[PDB]
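*Asks:* First, the structure itself, so that you have it in front of you.
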Amino acid sequence: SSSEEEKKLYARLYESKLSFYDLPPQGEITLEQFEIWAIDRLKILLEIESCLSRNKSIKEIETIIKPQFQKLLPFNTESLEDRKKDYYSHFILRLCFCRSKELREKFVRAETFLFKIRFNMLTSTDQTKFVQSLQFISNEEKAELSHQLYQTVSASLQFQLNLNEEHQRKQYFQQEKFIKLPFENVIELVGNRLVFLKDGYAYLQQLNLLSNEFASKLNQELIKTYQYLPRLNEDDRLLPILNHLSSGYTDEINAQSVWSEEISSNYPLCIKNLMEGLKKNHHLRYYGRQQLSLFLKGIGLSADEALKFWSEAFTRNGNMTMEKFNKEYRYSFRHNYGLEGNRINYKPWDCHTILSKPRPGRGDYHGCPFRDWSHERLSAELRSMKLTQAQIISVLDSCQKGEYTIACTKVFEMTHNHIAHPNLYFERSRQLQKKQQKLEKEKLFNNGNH
Amino acid sequence: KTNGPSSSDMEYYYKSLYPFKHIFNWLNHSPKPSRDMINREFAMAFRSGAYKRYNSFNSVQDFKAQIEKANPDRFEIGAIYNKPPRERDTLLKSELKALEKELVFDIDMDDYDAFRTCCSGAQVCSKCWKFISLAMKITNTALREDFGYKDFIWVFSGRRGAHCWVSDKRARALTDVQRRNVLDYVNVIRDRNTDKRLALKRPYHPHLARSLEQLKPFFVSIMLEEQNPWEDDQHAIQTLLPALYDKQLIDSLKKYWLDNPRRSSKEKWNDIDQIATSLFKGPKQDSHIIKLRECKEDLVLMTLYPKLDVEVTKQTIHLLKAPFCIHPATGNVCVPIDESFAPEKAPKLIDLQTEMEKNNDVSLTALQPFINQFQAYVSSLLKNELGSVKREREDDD
Ligand code: SF4
């Protein structure tokens, strides 16, 4: 397709700033565009999910997401590239999440909430243009039923749009359009008496019905895409990105201070488990040693202090001679820091790469405790962290659903007041600790002048 | 103690009096037998207390013969299944799926005894039957103007209640969720406790406001004069005062009625306004007046709005007593209800036997008008069913 024809089709599609994603995007995009747009939309959806799991109000979620919109997925722009980004990201995520039923449910829920937010941020004229772009009633029919419709919708207006004055409510109602549809499609709104009923037809709260239709259509299209996926399995190029995206949903620091309580309060539970295993056994197996070493490098421990740390931890029991440590372990610890071989500076393991680990056996301390520990044992340490029974129950409920990172964020929040990286947990804890220390110092200074 | 109909009386009623053909044509939705009857569940209640479910009949004669042979005290109508319920024992429990049943509503006097004085306990008369009459009026209002239903009929429960059978193809095919939605639309009075103010949501839904306007002219004539339940000061304190919103007004009215005992319901109704006017003064008086009017409207609805039995409507598999059945304790025929119906007008089985002794023909008995009414209803239902089939065929083309 000529670039010009492609632009024409895309403009015919965007006549409104909002879309049902009915027709497949046509055109070619590069792999960098593919992956970057997919990851950006995925970040937006993950932030939506994290806000929802914390029972945040709709206004708070909107306020949190607006800067993320301006940064990752610009909406309400006239640029063709941003609209292309939204459409292609949506269809890439359709390809990603069609594999399993639970993924489908999470995707449709998050996408419907995103639809709701975007519709809420639109202007009333744009909303009218979008809904016009499901039969609207004539002005005569609205005039005949005006009293009943206004009586039905006055409470919804007051509570949803904060139109406290009656004059404003009437003025809005005069401009509001109504849709006539059978009450069986809007039984949910019928139950709460939010829609007017006449002769078996419900007069429309429109956002809720639009979201319901969008979710239903999205579910059906995900099912069709799942049926057509094995034909796409022949593309060696997209499969790794799709697999990664689908699984993505799931001298202050030296060798001595890393053991201190001041630094020890900040690690996540995985790191505490690895360090406890190292202290008890004076040895960590390969995966645990790698996880711990990469964390320690990521938190500021230099290479020489890392070698000192590992040698001191390993030789404490006398079972390991310094000669054996230098013969077998020194090379690997230097390699982790990019000082050996191809000098590759290995990045610290995020949560996802840790979970991609092969499951800890007997004698293993690596992995994620929230996935790899029994419920009783997790309850034991969460009690040791002075968490209440309700907080422990919430964390265990998050763990049961497979949202281990959500539970990690939860324990962070309860112990300190979305995290997907051990170094991120450490950094946030350190920043909070420094802020608290500065506040305490300011309070001490203020109390000394009276 | 008027003994209920004997077993021989039930045999006689079933052999000579039950309009088996009309019920069959009603439930079959076609002059020719179809799966709407062969796959319909029927439950039969016996004098011994036995209850046998999942009965089904293939034809008019089979229905009559099975009912005659069983001689139950009553039988209840179930939903259409994908397979004949009578063959359940050869089927897995997960294979019998309900597909269609008439929308059903049940209204009884039990929820209105706190506001009636013309009868006590399980008694009923024309005065208290006005509660059921207003209930059917409001329910028919909702079903006709809001849901667009056309083929529905009310039938006497036998003692003091009424059952509604909505036979519209749209109503018959409703899922349990949709049935719950219609019930929640109609069931405004969810809390039946009279010792607590309803505090209904404001502004009223148009259905609620329309029902209030329909019930307002009857509130005086029934409650304040004919029943007069708040003449008793203790009954007033128990049921009228808790519907008010202000504690000071409640205490003032309580003291006034203690000092002036046995004021009638109308006098107490006027005293509420008089004392409220005496108490609430200043720029805030308008809000108090509005709230008192709201409480009075809430009490009007609490006292006269339909109080449905919520279980029977919720699910497609629920069983309800078939029309023309004999009430075991009263002997009344569960006849269909018109605008002039009263409980004393329901024919008794012993009276029907006495009439048949003089004239051995059902057409010459008191049961005949109700049979004719039911036949006309069935004919209209069949005509509408044919129209719906034609409309579906036109839509498919
Ligand atoms: S969620 Fe991540 S950071 Fe937290 S304990 Fe598990 S692996 Fe460590």
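Each chain in the structure tokens gets a letter, A, B and so on, in the order shown; residues start at 1 in every chain, and ligands are counted from 1 in the order they appear.
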I'd like the neighbourhood of residue B:341 as number ranges by chain, where a residue qualifies if any of its atoms comes within 12 Å (using only C-alpha atoms), though same-chain residues fewer than 4 positions away should be ignored.
*Replies:* B: 125-126, 129-130, 132-133, 136, 154-156, 161-162, 334-337, 345-347, 369-370
*Asks:* For the residues selected in the previous step, produce a file with C-alpha atoms as an mmCIF file, in the first residue's frame.
*Replies:*
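See out-v3.cif below for the written result:
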```
data_model
loop_
_atom_site.group_PDB
_atom_site.id
_atom_site.type_symbol
_atom_site.label_atom_id
_atom_site.label_comp_id
_atom_site.auth_asym_id
_atom_site.auth_seq_id
_atom_site.Cartn_x
_atom_site.Cartn_y
_atom_site.Cartn_z
ATOM 1 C CA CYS B 125 -61.825 -10.887 53.059
ATOM 2 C CA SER B 126 -62.657 -8.315 50.401
ATOM 3 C CA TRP B 129 -57.920 -8.288 49.259
ATOM 4 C CA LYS B 130 -57.428 -4.669 48.182
ATOM 5 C CA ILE B 132 -53.397 -7.953 46.661
ATOM 6 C CA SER B 133 -55.454 -6.024 44.094
ATOM 7 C CA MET B 136 -51.433 -6.887 40.869
ATOM 8 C CA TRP B 154 -53.103 -13.750 37.469
ATOM 9 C CA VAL B 155 -54.460 -16.807 39.290
ATOM 10 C CA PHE B 156 -55.810 -17.120 42.828
ATOM 11 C CA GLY B 161 -52.596 -14.902 47.486
ATOM 12 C CA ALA B 162 -52.128 -14.698 43.732
ATOM 13 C CA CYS B 334 -57.037 -21.766 41.927
ATOM 14 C CA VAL B 335 -59.100 -19.875 39.358
ATOM 15 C CA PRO B 336 -57.744 -17.060 37.156
ATOM 16 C CA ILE B 337 -58.317 -13.531 38.442
ATOM 17 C CA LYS B 345 -65.869 -15.648 44.515
ATOM 18 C CA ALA B 346 -63.536 -18.640 44.115
ATOM 19 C CA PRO B 347 -65.718 -21.752 43.693
ATOM 20 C CA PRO B 369 -66.515 -18.538 33.703
ATOM 21 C CA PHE B 370 -62.941 -18.990 34.834
#
```
*Asks:* Give the residues of chain B that lie within 6 Å of chain A; count only C-alpha atoms, and format the answer as a count of residues only.
*Replies:* 8
*Asks:* What residues have any atom no more than 7 Å from ligand 1 when counting only C-alpha atoms and all ligand atoms, and can you list them as a PyMOL selection string?
*Replies:* chain A and resi 268-271+350-351+354-355+367-370+404-405+407-408+420-422+425
*Asks:* B:349, B:65, B:212, B:240: which is nearest residue B:224, counting only C-alpha atoms?
*Replies:*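 The shortest atom-to-atom distance to residue B:224 comes from B:240.
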*Asks:* Check the DSSP output for the backbone and give back, as a list in words, the residues of stretch 111-157 of chain B in strand (DSSP E).
*Replies:* residues 152, 153, 154, 155 and 156 of chain B
*Asks:* Those selected residues, please, written with N, CA and C atoms and delivered as a short mmCIF file (atom, residue, chain, number, x, y, z; two decimals), in the first residue's frame.
*Replies:*
```
data_model
loop_
_atom_site.label_atom_id
_atom_site.label_comp_id
_atom_site.auth_asym_id
_atom_site.auth_seq_id
_atom_site.Cartn_x
_atom_site.Cartn_y
_atom_site.Cartn_z
N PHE B 152 -49.83 -12.20 30.02
CA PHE B 152 -49.70 -12.57 31.42
C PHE B 152 -51.08 -12.63 32.06
N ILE B 153 -51.22 -13.52 33.04
CA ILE B 153 -52.49 -13.76 33.72
C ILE B 153 -52.23 -13.98 35.20
N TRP B 154 -53.16 -13.52 36.03
CA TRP B 154 -53.10 -13.75 37.47
C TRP B 154 -54.07 -14.85 37.87
N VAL B 155 -53.67 -15.67 38.83
CA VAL B 155 -54.46 -16.81 39.29
C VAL B 155 -54.49 -16.79 40.81
N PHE B 156 -55.67 -17.04 41.38
CA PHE B 156 -55.81 -17.12 42.83
C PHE B 156 -54.93 -18.23 43.38
#
```
*Asks:* Using only C-alpha atoms for the distances, tell me which of B:28, B:55, B:123, B:368 is nearest to residue B:70.
*Replies:*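 Using only C-alpha atoms, the shortest distance to residue B:70 belongs to B:55.
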*Asks:* Among stretch 87-332 of chain A, which residues carry a DSSP assignment of helix (DSSP H, G or I), reported as a PDB file with C-alpha atoms, in the first residue's frame?
*Replies:*
```pdb
ATOM      1  CA  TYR A  87      -3.294   0.615  17.216  1.00  0.00           C
ATOM      2  CA  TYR A  88      -0.251  -1.564  16.590  1.00  0.00           C
ATOM      3  CA  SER A  89       0.461  -1.903  20.314  1.00  0.00           C
ATOM      4  CA  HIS A  90      -3.106  -3.064  20.928  1.00  0.00           C
ATOM      5  CA  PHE A  91      -2.925  -5.683  18.198  1.00  0.00           C
ATOM      6  CA  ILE A  92       0.537  -6.856  19.286  1.00  0.00           C
ATOM      7  CA  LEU A  93      -0.804  -7.342  22.810  1.00  0.00           C
ATOM      8  CA  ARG A  94      -3.749  -9.236  21.319  1.00  0.00           C
ATOM      9  CA  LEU A  95      -1.170 -11.547  19.752  1.00  0.00           C
ATOM     10  CA  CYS A  96       0.618 -11.784  23.107  1.00  0.00           C
ATOM     11  CA  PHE A  97      -2.260 -12.554  25.474  1.00  0.00           C
ATOM     12  CA  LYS A 101      -7.803 -17.942  29.377  1.00  0.00           C
ATOM     13  CA  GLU A 102      -6.382 -16.149  32.424  1.00  0.00           C
ATOM     14  CA  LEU A 103      -4.174 -13.973  30.224  1.00  0.00           C
ATOM     15  CA  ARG A 104      -7.230 -13.184  28.100  1.00  0.00           C
ATOM     16  CA  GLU A 105      -9.225 -12.162  31.172  1.00  0.00           C
ATOM     17  CA  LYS A 106      -6.443  -9.963  32.545  1.00  0.00           C
ATOM     18  CA  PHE A 107      -5.910  -8.345  29.145  1.00  0.00           C
ATOM     19  CA  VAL A 108      -9.585  -7.605  28.521  1.00  0.00           C
ATOM     20  CA  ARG A 109     -10.067  -6.243  32.041  1.00  0.00           C
ATOM     21  CA  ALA A 110      -7.047  -3.940  31.803  1.00  0.00           C
ATOM     22  CA  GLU A 111      -7.907  -2.845  28.258  1.00  0.00           C
ATOM     23  CA  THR A 112     -11.520  -2.118  29.221  1.00  0.00           C
ATOM     24  CA  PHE A 113     -10.339  -0.017  32.162  1.00  0.00           C
ATOM     25  CA  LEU A 114      -7.960   1.823  29.819  1.00  0.00           C
ATOM     26  CA  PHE A 115     -10.897   2.385  27.453  1.00  0.00           C
ATOM     27  CA  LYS A 116     -12.930   3.776  30.351  1.00  0.00           C
ATOM     28  CA  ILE A 117     -10.160   6.180  31.380  1.00  0.00           C
ATOM     29  CA  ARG A 118      -9.583   7.393  27.820  1.00  0.00           C
ATOM     30  CA  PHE A 119     -13.306   7.947  27.277  1.00  0.00           C
ATOM     31  CA  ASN A 120     -13.433   9.885  30.546  1.00  0.00           C
ATOM     32  CA  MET A 121     -10.588  12.168  29.446  1.00  0.00           C
ATOM     33  CA  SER A 124     -18.190  15.837  25.468  1.00  0.00           C
ATOM     34  CA  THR A 125     -18.212  16.782  21.776  1.00  0.00           C
ATOM     35  CA  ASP A 126     -15.568  14.137  21.064  1.00  0.00           C
ATOM     36  CA  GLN A 127     -17.537  11.615  23.117  1.00  0.00           C
ATOM     37  CA  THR A 128     -20.652  12.374  21.055  1.00  0.00           C
ATOM     38  CA  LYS A 129     -18.689  12.020  17.817  1.00  0.00           C
ATOM     39  CA  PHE A 130     -17.271   8.689  18.987  1.00  0.00           C
ATOM     40  CA  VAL A 131     -20.636   7.215  20.006  1.00  0.00           C
ATOM     41  CA  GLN A 132     -22.137   8.411  16.725  1.00  0.00           C
ATOM     42  CA  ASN A 139     -35.671  14.510  19.453  1.00  0.00           C
ATOM     43  CA  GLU A 140     -39.457  14.062  19.473  1.00  0.00           C
ATOM     44  CA  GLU A 141     -39.210  10.790  21.412  1.00  0.00           C
ATOM     45  CA  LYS A 142     -36.815  12.466  23.849  1.00  0.00           C
ATOM     46  CA  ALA A 143     -39.269  15.344  24.317  1.00  0.00           C
ATOM     47  CA  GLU A 144     -42.193  12.994  25.000  1.00  0.00           C
ATOM     48  CA  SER A 146     -38.219  14.001  28.926  1.00  0.00           C
ATOM     49  CA  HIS A 147     -39.605  13.976  32.476  1.00  0.00           C
ATOM     50  CA  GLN A 148     -39.031  10.255  33.062  1.00  0.00           C
ATOM     51  CA  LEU A 149     -35.571  10.312  31.467  1.00  0.00           C
ATOM     52  CA  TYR A 150     -34.509  13.310  33.551  1.00  0.00           C
ATOM     53  CA  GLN A 151     -35.845  11.677  36.718  1.00  0.00           C
ATOM     54  CA  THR A 152     -33.879   8.513  35.927  1.00  0.00           C
ATOM     55  CA  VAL A 153     -30.617  10.257  35.030  1.00  0.00           C
ATOM     56  CA  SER A 154     -30.548  13.128  37.566  1.00  0.00           C
ATOM     57  CA  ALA A 155     -28.972  11.013  40.315  1.00  0.00           C
ATOM     58  CA  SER A 156     -26.410   9.556  37.908  1.00  0.00           C
ATOM     59  CA  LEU A 157     -25.542  13.072  36.744  1.00  0.00           C
ATOM     60  CA  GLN A 158     -25.148  14.408  40.281  1.00  0.00           C
ATOM     61  CA  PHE A 159     -23.012  11.531  41.532  1.00  0.00           C
ATOM     62  CA  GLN A 160     -20.843  10.862  38.463  1.00  0.00           C
ATOM     63  CA  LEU A 161     -20.327  14.314  36.927  1.00  0.00           C
ATOM     64  CA  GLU A 166     -30.124  21.550  39.246  1.00  0.00           C
ATOM     65  CA  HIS A 167     -29.804  24.147  36.475  1.00  0.00           C
ATOM     66  CA  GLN A 168     -26.521  22.631  35.279  1.00  0.00           C
ATOM     67  CA  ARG A 169     -28.061  19.149  35.352  1.00  0.00           C
ATOM     68  CA  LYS A 170     -31.013  20.278  33.223  1.00  0.00           C
ATOM     69  CA  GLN A 171     -28.716  22.129  30.812  1.00  0.00           C
ATOM     70  CA  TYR A 172     -26.587  19.010  30.353  1.00  0.00           C
ATOM     71  CA  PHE A 173     -29.677  16.821  29.956  1.00  0.00           C
ATOM     72  CA  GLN A 174     -30.934  19.063  27.151  1.00  0.00           C
ATOM     73  CA  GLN A 175     -27.718  18.273  25.255  1.00  0.00           C
ATOM     74  CA  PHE A 183     -33.133  -4.092  28.567  1.00  0.00           C
ATOM     75  CA  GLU A 184     -31.619  -7.584  28.295  1.00  0.00           C
ATOM     76  CA  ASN A 185     -28.349  -6.030  27.077  1.00  0.00           C
ATOM     77  CA  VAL A 186     -28.294  -3.551  29.998  1.00  0.00           C
ATOM     78  CA  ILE A 187     -29.756  -5.741  32.755  1.00  0.00           C
ATOM     79  CA  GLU A 188     -26.815  -4.675  34.928  1.00  0.00           C
ATOM     80  CA  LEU A 189     -27.915  -1.036  34.718  1.00  0.00           C
ATOM     81  CA  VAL A 190     -31.554  -2.108  35.089  1.00  0.00           C
ATOM     82  CA  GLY A 191     -30.774  -3.720  38.439  1.00  0.00           C
ATOM     83  CA  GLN A 206     -23.451   4.981  28.497  1.00  0.00           C
ATOM     84  CA  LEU A 207     -19.786   4.451  29.354  1.00  0.00           C
ATOM     85  CA  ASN A 208     -20.599   1.201  31.164  1.00  0.00           C
ATOM     86  CA  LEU A 209     -22.504  -0.282  28.235  1.00  0.00           C
ATOM     87  CA  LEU A 210     -19.845   0.847  25.750  1.00  0.00           C
ATOM     88  CA  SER A 211     -17.181  -0.796  27.926  1.00  0.00           C
ATOM     89  CA  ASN A 212     -19.219  -4.006  28.119  1.00  0.00           C
ATOM     90  CA  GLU A 213     -19.580  -4.209  24.326  1.00  0.00           C
ATOM     91  CA  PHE A 214     -15.879  -3.435  23.916  1.00  0.00           C
ATOM     92  CA  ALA A 215     -14.929  -6.199  26.353  1.00  0.00           C
ATOM     93  CA  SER A 216     -17.194  -8.730  24.629  1.00  0.00           C
ATOM     94  CA  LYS A 217     -15.839  -7.900  21.172  1.00  0.00           C
ATOM     95  CA  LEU A 218     -12.267  -7.991  22.483  1.00  0.00           C
ATOM     96  CA  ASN A 219     -12.854 -11.425  24.031  1.00  0.00           C
ATOM     97  CA  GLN A 220     -14.221 -12.763  20.757  1.00  0.00           C
ATOM     98  CA  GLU A 221     -11.361 -11.294  18.723  1.00  0.00           C
ATOM     99  CA  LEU A 222      -8.801 -12.720  21.151  1.00  0.00           C
ATOM    100  CA  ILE A 223     -10.406 -16.128  20.648  1.00  0.00           C
ATOM    101  CA  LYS A 224     -10.139 -15.780  16.865  1.00  0.00           C
ATOM    102  CA  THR A 225      -6.515 -14.636  17.139  1.00  0.00           C
ATOM    103  CA  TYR A 226      -5.746 -17.663  19.306  1.00  0.00           C
ATOM    104  CA  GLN A 227      -7.276 -19.875  16.627  1.00  0.00           C
ATOM    105  CA  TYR A 228      -5.089 -18.227  13.964  1.00  0.00           C
ATOM    106  CA  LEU A 229      -1.839 -18.115  16.000  1.00  0.00           C
ATOM    107  CA  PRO A 230      -0.326 -21.479  14.873  1.00  0.00           C
ATOM    108  CA  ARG A 231      -0.099 -20.104  11.332  1.00  0.00           C
ATOM    109  CA  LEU A 232       1.971 -17.251  12.795  1.00  0.00           C
ATOM    110  CA  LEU A 239       7.896 -15.675  18.752  1.00  0.00           C
ATOM    111  CA  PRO A 240      10.638 -14.721  21.278  1.00  0.00           C
ATOM    112  CA  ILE A 241       9.237 -11.213  21.748  1.00  0.00           C
ATOM    113  CA  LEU A 242       5.721 -12.583  22.225  1.00  0.00           C
ATOM    114  CA  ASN A 243       6.916 -15.179  24.742  1.00  0.00           C
ATOM    115  CA  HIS A 244       8.848 -12.536  26.678  1.00  0.00           C
ATOM    116  CA  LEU A 245       5.862 -10.179  26.704  1.00  0.00           C
ATOM    117  CA  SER A 246       3.450 -12.887  27.867  1.00  0.00           C
ATOM    118  CA  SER A 247       5.764 -13.956  30.693  1.00  0.00           C
ATOM    119  CA  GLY A 248       6.440 -10.318  31.603  1.00  0.00           C
ATOM    120  CA  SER A 257      28.134  -3.171  55.853  1.00  0.00           C
ATOM    121  CA  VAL A 258      26.142  -5.492  53.567  1.00  0.00           C
ATOM    122  CA  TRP A 259      25.678  -7.690  56.646  1.00  0.00           C
ATOM    123  CA  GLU A 261      21.137  -4.158  60.019  1.00  0.00           C
ATOM    124  CA  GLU A 262      21.145  -0.671  58.473  1.00  0.00           C
ATOM    125  CA  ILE A 263      21.684  -2.177  55.040  1.00  0.00           C
ATOM    126  CA  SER A 264      19.901  -5.396  55.994  1.00  0.00           C
ATOM    127  CA  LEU A 269      12.827 -11.295  51.010  1.00  0.00           C
ATOM    128  CA  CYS A 270      14.652 -13.221  48.290  1.00  0.00           C
ATOM    129  CA  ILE A 271      17.910 -11.476  49.177  1.00  0.00           C
ATOM    130  CA  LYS A 272      17.374 -12.002  52.883  1.00  0.00           C
ATOM    131  CA  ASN A 273      16.859 -15.703  52.174  1.00  0.00           C
ATOM    132  CA  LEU A 274      20.046 -15.934  50.098  1.00  0.00           C
ATOM    133  CA  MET A 275      22.104 -14.114  52.745  1.00  0.00           C
ATOM    134  CA  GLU A 276      20.686 -16.268  55.544  1.00  0.00           C
ATOM    135  CA  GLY A 277      21.608 -19.367  53.556  1.00  0.00           C
ATOM    136  CA  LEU A 278      25.111 -18.016  52.967  1.00  0.00           C
ATOM    137  CA  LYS A 279      25.573 -17.228  56.661  1.00  0.00           C
ATOM    138  CA  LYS A 280      24.252 -20.604  57.816  1.00  0.00           C
ATOM    139  CA  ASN A 281      26.016 -22.839  55.279  1.00  0.00           C
ATOM    140  CA  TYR A 286      25.462 -21.545  41.425  1.00  0.00           C
ATOM    141  CA  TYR A 287      22.115 -19.826  40.882  1.00  0.00           C
ATOM    142  CA  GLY A 288      22.010 -18.352  44.382  1.00  0.00           C
ATOM    143  CA  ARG A 289      25.587 -17.110  44.087  1.00  0.00           C
ATOM    144  CA  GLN A 290      24.727 -15.483  40.746  1.00  0.00           C
ATOM    145  CA  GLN A 291      21.573 -13.807  42.066  1.00  0.00           C
ATOM    146  CA  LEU A 292      23.333 -12.507  45.174  1.00  0.00           C
ATOM    147  CA  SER A 293      26.441 -11.332  43.311  1.00  0.00           C
ATOM    148  CA  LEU A 294      24.450  -9.443  40.685  1.00  0.00           C
ATOM    149  CA  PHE A 295      22.291  -7.807  43.368  1.00  0.00           C
ATOM    150  CA  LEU A 296      25.361  -6.766  45.334  1.00  0.00           C
ATOM    151  CA  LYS A 297      26.959  -5.285  42.229  1.00  0.00           C
ATOM    152  CA  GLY A 298      23.725  -3.441  41.469  1.00  0.00           C
ATOM    153  CA  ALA A 303      34.581  -5.773  42.541  1.00  0.00           C
ATOM    154  CA  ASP A 304      37.307  -5.834  45.203  1.00  0.00           C
ATOM    155  CA  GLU A 305      34.773  -5.575  48.022  1.00  0.00           C
ATOM    156  CA  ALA A 306      32.777  -8.325  46.300  1.00  0.00           C
ATOM    157  CA  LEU A 307      35.835 -10.592  46.297  1.00  0.00           C
ATOM    158  CA  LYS A 308      36.462  -9.781  49.969  1.00  0.00           C
ATOM    159  CA  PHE A 309      32.801 -10.460  50.789  1.00  0.00           C
ATOM    160  CA  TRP A 310      32.743 -13.817  49.017  1.00  0.00           C
ATOM    161  CA  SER A 311      36.108 -14.970  50.388  1.00  0.00           C
ATOM    162  CA  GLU A 312      35.179 -14.034  53.957  1.00  0.00           C
ATOM    163  CA  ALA A 313      31.776 -15.722  53.691  1.00  0.00           C
ATOM    164  CA  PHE A 314      33.217 -18.901  52.170  1.00  0.00           C
ATOM    165  CA  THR A 315      36.304 -19.311  54.379  1.00  0.00           C
ATOM    166  CA  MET A 322      41.840 -19.410  50.076  1.00  0.00           C
ATOM    167  CA  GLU A 323      43.714 -21.358  47.394  1.00  0.00           C
ATOM    168  CA  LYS A 324      40.550 -23.263  46.469  1.00  0.00           C
ATOM    169  CA  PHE A 325      38.508 -20.042  46.490  1.00  0.00           C
ATOM    170  CA  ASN A 326      40.984 -18.395  44.114  1.00  0.00           C
ATOM    171  CA  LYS A 327      41.162 -21.511  41.928  1.00  0.00           C
ATOM    172  CA  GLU A 328      37.417 -22.080  41.563  1.00  0.00           C
ATOM    173  CA  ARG A 330      37.501 -15.833  42.019  1.00  0.00           C
ATOM    174  CA  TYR A 331      37.249 -16.039  38.219  1.00  0.00           C
ATOM    175  CA  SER A 332      33.444 -16.229  38.288  1.00  0.00           C
TER     176      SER A 332
END
```
*Asks:* From the set B:23, B:236, B:220, B:322, which residue has the shortest atom-to-atom contact distance to residue B:377, counting only C-alpha atoms?
*Replies:*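 The closest residue to residue B:377 is B:23.
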*Asks:* So that I can see what lies close to residue B:219, please list as JSON, numbers by chain the residues with an atom at most 9 Å from it, counting only C-alpha atoms and leaving out residues fewer than 5 positions away in the same chain.
*Replies:* {"B": [224, 300, 303, 304]}
*Asks:* Using only N, CA, C and O atoms, please write the residues we just selected to a file, as a short mmCIF file (atom, residue, chain, number, x, y, z; two decimals), in the first residue's frame.
*Replies:*
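Contents of result11.cif, as written:
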```cif
data_model
loop_
_atom_site.label_atom_id
_atom_site.label_comp_id
_atom_site.auth_asym_id
_atom_site.auth_seq_id
_atom_site.Cartn_x
_atom_site.Cartn_y
_atom_site.Cartn_z
N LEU B 224 -56.32 4.49 56.32
CA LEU B 224 -56.71 5.42 57.37
C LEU B 224 -58.13 5.20 57.86
O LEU B 224 -58.45 5.59 58.99
N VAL B 300 -46.37 5.19 52.60
CA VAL B 300 -47.41 4.80 51.64
C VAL B 300 -46.93 3.61 50.81
O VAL B 300 -47.66 2.62 50.63
N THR B 303 -46.68 0.39 52.83
CA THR B 303 -47.95 -0.19 53.23
C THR B 303 -48.76 -0.72 52.05
O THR B 303 -49.56 -1.65 52.23
N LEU B 304 -48.59 -0.16 50.85
CA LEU B 304 -49.42 -0.54 49.72
C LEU B 304 -48.68 -1.12 48.53
O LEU B 304 -49.32 -1.74 47.67
#
```
